[PDB]
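Reading through the structure tokens given below for one structure.
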Amino acid sequence: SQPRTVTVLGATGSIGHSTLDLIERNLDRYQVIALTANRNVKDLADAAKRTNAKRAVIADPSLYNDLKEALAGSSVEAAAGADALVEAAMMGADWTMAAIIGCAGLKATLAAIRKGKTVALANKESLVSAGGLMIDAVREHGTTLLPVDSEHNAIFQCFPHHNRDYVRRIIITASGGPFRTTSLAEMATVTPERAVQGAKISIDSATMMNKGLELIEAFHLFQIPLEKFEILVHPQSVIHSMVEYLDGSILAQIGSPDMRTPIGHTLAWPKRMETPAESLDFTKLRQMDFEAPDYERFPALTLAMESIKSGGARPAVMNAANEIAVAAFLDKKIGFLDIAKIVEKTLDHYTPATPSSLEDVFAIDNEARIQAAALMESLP
Amino acid sequence: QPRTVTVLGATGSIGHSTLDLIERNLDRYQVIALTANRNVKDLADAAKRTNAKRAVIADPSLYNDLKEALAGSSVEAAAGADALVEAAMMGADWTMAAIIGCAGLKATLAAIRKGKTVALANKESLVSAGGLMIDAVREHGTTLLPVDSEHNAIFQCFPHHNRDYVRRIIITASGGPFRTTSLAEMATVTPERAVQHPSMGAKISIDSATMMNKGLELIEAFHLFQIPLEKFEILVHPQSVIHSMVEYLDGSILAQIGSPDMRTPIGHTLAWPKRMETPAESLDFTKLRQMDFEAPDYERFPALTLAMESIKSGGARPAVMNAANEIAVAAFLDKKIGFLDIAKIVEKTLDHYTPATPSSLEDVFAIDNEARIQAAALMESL
């Protein structure tokens with residue numbers, strides 16, 4: 001078939017870079033429409049020229065002239081600003097990688113979703129903070145939503161789409177983070193350098209908040225009762241997640257950690273494509289371990305469950321407070337164990353009404369951040 | 001309307017597990033024929049329970065017992081080899097082919113030729129007559145669903161209609177009871193020790209010990225999935241919880257994992273393309289705690305190499321290998337040769353008897369017969 005049209009929102013980050021690596025490696029199969037970046041003008045212009053893209057968009061209006069210059073004498077169109085990001089997402093690409101991080105990516109992601117084509121979703125806030133809204137748009141416009149993160153993609157590959165009732169349970173595997181075998185006592189005094197040893201994501205892995213967030217996203221993605229989800233600690237992180245069917249059969253997605261595997265799955269879907277991802281060598285792996293997550297040592301897991309269980313704006317508030325707490329820890333303003341405490345406090349004192357639009361989500365995120373900062377400061 | 005089902009070999013373990021699922025869904029399934037080999041009692045009871053249209057006992061000598069057991073019911077009674085084939089041709093939309101040995105080839109092929117759905121458990125069908133069986137499937141648009149653990153696991157992770165997406169198929173293997181035993185010690189293994197297991201047939205136990213069972217599984221997999229032999233890998237995994245895997249071109253490896261309950265793979269073939277609930281236990285990974293993996297040892301288990309070479313050569317080799325193994329294993333159990341002589345006799349037979357590729361089941365039977373005689377001759381010469 002003719003070249004497929006593709007657009008990458010957030011083309012210079014880790015996910016974006018891995019995406020472009022695959023697109024470039026198979027440029028003969030793709031027609032790049034738009035690529036966007038936040039402030040990385042150099043890598044953006046390079047990616048655009050490297051794929052003969054129709055348009056390149058830099059998020060910060062301040063960098064517009066720089067982008068134009070980098071694209072001087074090029075057929076590549078240059079644009080900038082938040083509105084331009086949304087316009088790029090509406091250019092018509094059949095396949096869109098939504099990898100702009102944060103609430104800043106919500107507008108463009110929803111816009112792409114509303115186009116009703118294929119959207120490979122990497123942005124976490126879309127489902128954690130605006131899950132109901134995003135999934136509503138997906139269903140309304142017949143969009144093909146393909147999850148990009150490791151666990152979600154693994155689940156998707158083992159999930160009976162169009163027959164959710166076939167699922168008995170979904171198992172989200174977790175490495176357990178750097179403190180899987182660390183006592184609360186020694187955890188209380190870990191330094192940011194030891195915990196991250198992006199930092200934010202690393203810290204979420206340490207507190208296990210990342211799994212709580214993954215749980216929430218999976219709930220929106222697969223639409224099955226919360227009680228059917230299980231978190232299983234698996235140190236090696238080779239089994240990326242699993243799905244058990246009513247007949248007892250458990251389908252699992254296993255492999256090397258190369259992100260080009262899940263990205264490649266979403267890019268080729270419903271087909272399959274070659275990627276340079278290494279083939280997992282089980283003989284060298286030798287062993288796989290499994291154990292129950294310690295809810296006592298990582299209260300973040302419980303907060304996330306209670307949040308999604310209650311629904312409404314709880315998840316959005318939780319996610320927002322965590323952003324504040326994590327940054328505070330990384331800035332040595334609080335202790336490691338204070339992160340989950342600040343998130344919990346925030347959830348307790350701030351319970352806004354459920355969002356009806358992204359504007360409401362933006363409002364909730366901003367307020368929760370203010371609330372969290374206040375509690376973080378008034379911490380005894 | 002109820003889906004019609006026939007179970008060939010309904011009294012063995014597979015048959016019992018198959019009936020378990022059928023009887024929990026009599027509102028969904030209508031039993032046409034049920035067959036057994038010598039267990040008239042079990043056959044008759046099952047037939048009467050499921051209100052089967054016909055029950056066939058393989059052994060002609062037991063025809064009278066069967067008729068008496070069915071007296072008063074509406075279940076038709078039949079017996080003999082031909083009756084099995086006829087039962088398989090009664091028209092069931094779903095047929096469980098579980099008659100073991102070459103004695104199940106005729107009925108299995110007959111069912112396949114009807115072009116509906118056939119859940120395949122009989123091993124000789126693909127080990128000895130793989131080419132013919134797959135040809136029959138292609139000719140009649142038959143839906144062939146593998147029942148055994150590894151094959152069903154592969155099937156659930158396989159890109160049907162897109163074979164080129166496969167990079168490799170990993171057949172997991174427990175490694176058998178002698179997984180960590182040296183060739184030197186294996187040389188001394190006695191029949192009494194080799195058959196020890198946690199009922200299971202002695203032959204099954206020996207094939208597990210020599211890993212011939214794995215070699216045969218590889219042959220079957222080769223015909224079932226139609227991908228290049230070099231794309232197959234055997235991976236020793238003691239726990240046997242991962243039942244097999246398939247790696248795709250993007251690096252993704254899909255695996256089927258679960259408890260050992262055969263109702264899971266059977267349930268999959270019975271409900272296909274849908275899924276049905278079964279009482280199979282949900283694998284508890286926390287209790288499991290650990291999974292181990294290691295490379296197979298082709299030096300210590302030459303049966304694996306023999307299987308590989310037989311497939312590469314194709315033709316009648318697999319059938320010859322299977323028949324020779326039957327003789328060799330029996331000889332070992334009868335204490336006429338040593339444990340390691342089994343694979344040696346098989347190897348010798350494969351080199352000495354090289355008939356033409358089978359063109360019909362009649363040729364397969366002839367090859368099986370001759371291979372058995374040649375193996376026996378070699379077994380005694382040794």
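If you're wondering about the labels, chains in the structure tokens are A, B, ... by order shown, residues count from 1 in each chain, ligands from 1 in order shown.
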Mind running chain A against chain B at 7 Å and telling me each contacting residue's nearest atom pair with the distance in Å (one decimal), counting only C-alpha atoms, chain and number ascending, as JSON lines?
{"residue": "A:166", "atom": "CA", "partner": "B:275", "partner_atom": "CA", "distance": 6.5}
{"residue": "A:246", "atom": "CA", "partner": "B:277", "partner_atom": "CA", "distance": 4.5}
{"residue": "A:247", "atom": "CA", "partner": "B:277", "partner_atom": "CA", "distance": 4.5}
{"residue": "A:248", "atom": "CA", "partner": "B:280", "partner_atom": "CA", "distance": 5.4}
{"residue": "A:249", "atom": "CA", "partner": "B:258", "partner_atom": "CA", "distance": 5.7}
{"residue": "A:250", "atom": "CA", "partner": "B:257", "partner_atom": "CA", "distance": 4.9}
{"residue": "A:251", "atom": "CA", "partner": "B:256", "partner_atom": "CA", "distance": 4.8}
{"residue": "A:252", "atom": "CA", "partner": "B:255", "partner_atom": "CA", "distance": 5.2}
{"residue": "A:253", "atom": "CA", "partner": "B:254", "partner_atom": "CA", "distance": 4.7}
{"residue": "A:254", "atom": "CA", "partner": "B:253", "partner_atom": "CA", "distance": 4.9}
{"residue": "A:255", "atom": "CA", "partner": "B:253", "partner_atom": "CA", "distance": 5.7}
{"residue": "A:261", "atom": "CA", "partner": "B:250", "partner_atom": "CA", "distance": 5.2}
{"residue": "A:264", "atom": "CA", "partner": "B:250", "partner_atom": "CA", "distance": 6.2}
{"residue": "A:265", "atom": "CA", "partner": "B:250", "partner_atom": "CA", "distance": 6.8}
{"residue": "A:272", "atom": "CA", "partner": "B:165", "partner_atom": "CA", "distance": 6.2}
{"residue": "A:273", "atom": "CA", "partner": "B:250", "partner_atom": "CA", "distance": 5.6}
{"residue": "A:274", "atom": "CA", "partner": "B:249", "partner_atom": "CA", "distance": 4.5}
{"residue": "A:275", "atom": "CA", "partner": "B:250", "partner_atom": "CA", "distance": 4.7}
{"residue": "A:277", "atom": "CA", "partner": "B:251", "partner_atom": "CA", "distance": 5.4}
{"residue": "A:278", "atom": "CA", "partner": "B:251", "partner_atom": "CA", "distance": 6.4}
{"residue": "A:279", "atom": "CA", "partner": "B:251", "partner_atom": "CA", "distance": 5.6}
{"residue": "A:282", "atom": "CA", "partner": "B:293", "partner_atom": "CA", "distance": 6.1}
{"residue": "A:283", "atom": "CA", "partner": "B:294", "partner_atom": "CA", "distance": 4.7}
{"residue": "A:286", "atom": "CA", "partner": "B:293", "partner_atom": "CA", "distance": 4.9}
{"residue": "A:287", "atom": "CA", "partner": "B:292", "partner_atom": "CA", "distance": 4.6}
{"residue": "A:288", "atom": "CA", "partner": "B:291", "partner_atom": "CA", "distance": 5.0}
{"residue": "A:289", "atom": "CA", "partner": "B:290", "partner_atom": "CA", "distance": 4.6}
{"residue": "A:290", "atom": "CA", "partner": "B:289", "partner_atom": "CA", "distance": 4.8}
{"residue": "A:291", "atom": "CA", "partner": "B:286", "partner_atom": "CA", "distance": 4.8}
{"residue": "A:292", "atom": "CA", "partner": "B:286", "partner_atom": "CA", "distance": 6.0}
message: Residues within 9 Å of segment 179-184 of chain A, please, as a list in words. Count only C-alpha atoms; anything in the same chain fewer than 4 positions from it doesn't count.
response: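 Residues meeting the cut-off are residues 175, 188, 195, 206, 207, 233, 235, 293, 294, 297, 298 and 337 of chain A.
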Limited to N, CA, C and O atoms, could you put the picked residues into a file as a PDB file, in the first residue's frame?
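Saved file out.pdb follows:
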ATOM      1  N   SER A 175       8.467  -4.018  38.673  1.00  0.00           N
ATOM      2  CA  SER A 175       9.828  -4.369  39.055  1.00  0.00           C
ATOM      3  C   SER A 175       9.950  -4.286  40.573  1.00  0.00           C
ATOM      4  O   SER A 175      10.740  -5.006  41.189  1.00  0.00           O
ATOM      5  N   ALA A 188      13.154   5.857  54.965  1.00  0.00           N
ATOM      6  CA  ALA A 188      12.899   7.167  55.556  1.00  0.00           C
ATOM      7  C   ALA A 188      14.025   8.169  55.335  1.00  0.00           C
ATOM      8  O   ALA A 188      13.777   9.364  55.232  1.00  0.00           O
ATOM      9  N   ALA A 195      17.422   7.519  45.387  1.00  0.00           N
ATOM     10  CA  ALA A 195      16.100   7.135  44.898  1.00  0.00           C
ATOM     11  C   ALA A 195      15.985   7.113  43.374  1.00  0.00           C
ATOM     12  O   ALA A 195      15.300   6.256  42.816  1.00  0.00           O
ATOM     13  N   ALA A 206      10.081   4.368  42.722  1.00  0.00           N
ATOM     14  CA  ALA A 206      10.554   4.110  44.081  1.00  0.00           C
ATOM     15  C   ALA A 206       9.401   4.028  45.076  1.00  0.00           C
ATOM     16  O   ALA A 206       9.397   3.182  45.969  1.00  0.00           O
ATOM     17  N   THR A 207       8.419   4.910  44.918  1.00  0.00           N
ATOM     18  CA  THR A 207       7.265   4.942  45.807  1.00  0.00           C
ATOM     19  C   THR A 207       6.187   3.975  45.350  1.00  0.00           C
ATOM     20  O   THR A 207       5.239   3.693  46.090  1.00  0.00           O
ATOM     21  N   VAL A 233       4.607  -8.170  41.786  1.00  0.00           N
ATOM     22  CA  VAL A 233       5.999  -7.764  41.742  1.00  0.00           C
ATOM     23  C   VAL A 233       6.782  -8.860  41.023  1.00  0.00           C
ATOM     24  O   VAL A 233       6.644 -10.054  41.322  1.00  0.00           O
ATOM     25  N   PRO A 235      10.679  -8.713  39.790  1.00  0.00           N
ATOM     26  CA  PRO A 235      11.999  -8.077  39.706  1.00  0.00           C
ATOM     27  C   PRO A 235      12.645  -7.919  38.338  1.00  0.00           C
ATOM     28  O   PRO A 235      13.096  -6.824  37.995  1.00  0.00           O
ATOM     29  N   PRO A 293       2.947  -7.553  46.184  1.00  0.00           N
ATOM     30  CA  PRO A 293       3.406  -6.189  46.462  1.00  0.00           C
ATOM     31  C   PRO A 293       3.158  -5.912  47.946  1.00  0.00           C
ATOM     32  O   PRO A 293       2.209  -6.442  48.520  1.00  0.00           O
ATOM     33  N   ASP A 294       4.011  -5.110  48.572  1.00  0.00           N
ATOM     34  CA  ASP A 294       3.840  -4.805  49.992  1.00  0.00           C
ATOM     35  C   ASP A 294       3.078  -3.493  50.167  1.00  0.00           C
ATOM     36  O   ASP A 294       3.671  -2.416  50.178  1.00  0.00           O
ATOM     37  N   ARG A 297       4.390  -1.203  52.953  1.00  0.00           N
ATOM     38  CA  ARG A 297       5.617  -0.465  52.696  1.00  0.00           C
ATOM     39  C   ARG A 297       5.469   0.582  51.600  1.00  0.00           C
ATOM     40  O   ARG A 297       6.276   1.502  51.502  1.00  0.00           O
ATOM     41  N   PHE A 298       4.437   0.447  50.777  1.00  0.00           N
ATOM     42  CA  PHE A 298       4.215   1.410  49.705  1.00  0.00           C
ATOM     43  C   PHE A 298       2.752   1.839  49.654  1.00  0.00           C
ATOM     44  O   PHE A 298       1.985   1.383  48.801  1.00  0.00           O
ATOM     45  N   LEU A 337       9.536   9.340  52.422  1.00  0.00           N
ATOM     46  CA  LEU A 337       8.251   8.854  52.897  1.00  0.00           C
ATOM     47  C   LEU A 337       7.180   9.933  53.015  1.00  0.00           C
ATOM     48  O   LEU A 337       6.000   9.618  53.184  1.00  0.00           O
TER      49      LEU A 337
END
Pick out the residues sitting within 12 Å of segment 305-307 of chain A, and hand them over as a PDB file with C-alpha atoms, in the first residue's frame; count only C-alpha atoms, and ignore anything fewer than 3 positions along from it in its own chain.
ATOM      1  CA  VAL A 128      -5.052   9.567  34.773  1.00  0.00           C
ATOM      2  CA  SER A 129      -6.443  13.088  34.927  1.00  0.00           C
ATOM      3  CA  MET A 209       3.095   5.478  42.618  1.00  0.00           C
ATOM      4  CA  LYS A 211       1.954   1.322  39.421  1.00  0.00           C
ATOM      5  CA  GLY A 212      -0.970   3.098  41.032  1.00  0.00           C
ATOM      6  CA  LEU A 213      -1.072   5.428  38.040  1.00  0.00           C
ATOM      7  CA  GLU A 214      -0.717   2.523  35.602  1.00  0.00           C
ATOM      8  CA  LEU A 215      -3.634   0.831  37.329  1.00  0.00           C
ATOM      9  CA  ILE A 216      -5.801   3.918  36.815  1.00  0.00           C
ATOM     10  CA  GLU A 217      -4.850   4.204  33.124  1.00  0.00           C
ATOM     11  CA  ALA A 218      -5.460   0.487  32.571  1.00  0.00           C
ATOM     12  CA  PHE A 219      -8.909   0.820  34.129  1.00  0.00           C
ATOM     13  CA  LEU A 226     -11.283  -2.638  39.284  1.00  0.00           C
ATOM     14  CA  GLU A 227     -11.397  -5.812  41.369  1.00  0.00           C
ATOM     15  CA  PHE A 229      -6.787  -5.936  38.409  1.00  0.00           C
ATOM     16  CA  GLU A 230      -3.821  -7.325  40.306  1.00  0.00           C
ATOM     17  CA  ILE A 231      -0.341  -5.928  40.848  1.00  0.00           C
ATOM     18  CA  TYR A 295       0.913  -2.420  50.464  1.00  0.00           C
ATOM     19  CA  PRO A 299       0.979   3.244  50.670  1.00  0.00           C
ATOM     20  CA  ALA A 300       0.979   4.946  47.268  1.00  0.00           C
ATOM     21  CA  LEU A 301      -0.552   1.770  45.809  1.00  0.00           C
ATOM     22  CA  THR A 302      -3.461   1.991  48.251  1.00  0.00           C
ATOM     23  CA  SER A 310     -13.996   6.581  44.361  1.00  0.00           C
ATOM     24  CA  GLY A 311     -13.471   7.966  40.866  1.00  0.00           C
ATOM     25  CA  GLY A 312     -14.528  11.490  40.024  1.00  0.00           C
ATOM     26  CA  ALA A 313     -11.596  13.888  40.299  1.00  0.00           C
ATOM     27  CA  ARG A 314      -9.726  11.801  42.875  1.00  0.00           C
ATOM     28  CA  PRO A 315      -7.162  10.452  40.355  1.00  0.00           C
ATOM     29  CA  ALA A 316      -6.538  13.904  38.926  1.00  0.00           C
ATOM     30  CA  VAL A 317      -6.051  15.358  42.400  1.00  0.00           C
ATOM     31  CA  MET A 318      -3.793  12.468  43.411  1.00  0.00           C
ATOM     32  CA  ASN A 319      -1.635  12.795  40.286  1.00  0.00           C
ATOM     33  CA  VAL A 343      -0.611  13.055  48.413  1.00  0.00           C
ATOM     34  CA  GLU A 344      -2.894  11.481  51.035  1.00  0.00           C
ATOM     35  CA  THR A 346      -4.254  16.606  49.649  1.00  0.00           C
ATOM     36  CA  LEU A 347      -6.782  13.953  48.678  1.00  0.00           C
ATOM     37  CA  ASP A 348      -8.395  14.335  52.085  1.00  0.00           C
ATOM     38  CA  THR A 351     -12.353  16.973  46.566  1.00  0.00           C
TER      39      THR A 351
END
Who sits within 6 Å of segment 74-79 of chain B, only C-alpha atoms, same chain under 6 positions skipped, as a ChimeraX atom specification: /B:52-58,60,63,67
Output C-alpha atoms for every residue in that selection, as an mmCIF file, in the first residue's frame.
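Result file is out.cif:
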data_model
loop_
_atom_site.group_PDB
_atom_site.id
_atom_site.type_symbol
_atom_site.label_atom_id
_atom_site.label_comp_id
_atom_site.auth_asym_id
_atom_site.auth_seq_id
_atom_site.Cartn_x
_atom_site.Cartn_y
_atom_site.Cartn_z
ATOM 1 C CA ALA B 52 -25.582 -39.410 22.545
ATOM 2 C CA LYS B 53 -26.908 -40.683 19.229
ATOM 3 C CA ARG B 54 -24.300 -43.420 18.994
ATOM 4 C CA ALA B 55 -21.598 -45.083 21.082
ATOM 5 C CA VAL B 56 -18.787 -47.068 19.504
ATOM 6 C CA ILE B 57 -16.517 -49.540 21.234
ATOM 7 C CA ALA B 58 -13.342 -50.105 19.198
ATOM 8 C CA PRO B 60 -15.341 -55.878 18.252
ATOM 9 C CA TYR B 63 -19.895 -55.245 21.073
ATOM 10 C CA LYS B 67 -25.430 -53.223 23.479
#
Backbone DSSP call of alpha helix (DSSP H) for segment 148-296 of chain A, listed as a PyMOL selection string: chain A and resi 150-158+184-187+192-196+199-207+209-222+260-268+282-285
Spatial neighbours of residue 267 of chain A, 9 Å, only C-alpha atoms, chain gap at least 3 places, as a PDB file with C-alpha atoms, in the first residue's frame:
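Saved the output as selection_12.pdb:
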ATOM      1  CA  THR A  19       9.239   6.526  17.478  1.00  0.00           C
ATOM      2  CA  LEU A  22      11.321   3.415  13.690  1.00  0.00           C
ATOM      3  CA  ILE A  23       9.712   5.883  11.293  1.00  0.00           C
ATOM      4  CA  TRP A  95      -1.468   7.561  12.758  1.00  0.00           C
ATOM      5  CA  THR A  96      -0.634   9.929  15.624  1.00  0.00           C
ATOM      6  CA  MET A  97       1.864   9.380  18.417  1.00  0.00           C
ATOM      7  CA  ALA A 120      -0.853   5.754  19.883  1.00  0.00           C
ATOM      8  CA  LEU A 146      -3.373   2.052  21.129  1.00  0.00           C
ATOM      9  CA  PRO A 262       5.602  -1.579  22.111  1.00  0.00           C
ATOM     10  CA  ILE A 263       5.939   1.507  19.895  1.00  0.00           C
ATOM     11  CA  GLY A 264       6.442  -0.736  16.871  1.00  0.00           C
ATOM     12  CA  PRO A 270      -3.083  -4.367  13.024  1.00  0.00           C
ATOM     13  CA  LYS A 271       0.031  -5.595  11.221  1.00  0.00           C
ATOM     14  CA  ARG A 272       3.473  -6.329  12.676  1.00  0.00           C
ATOM     15  CA  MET A 273       6.814  -4.799  11.758  1.00  0.00           C
TER      16      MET A 273
END
query: Which residues, written as a list in words, have at least one atom at most 9 Å from residue 73 of chain B, with only C-alpha atoms counted and residues fewer than 4 positions away on the same chain left out?
result: residues 48, 51 and 69 of chain B
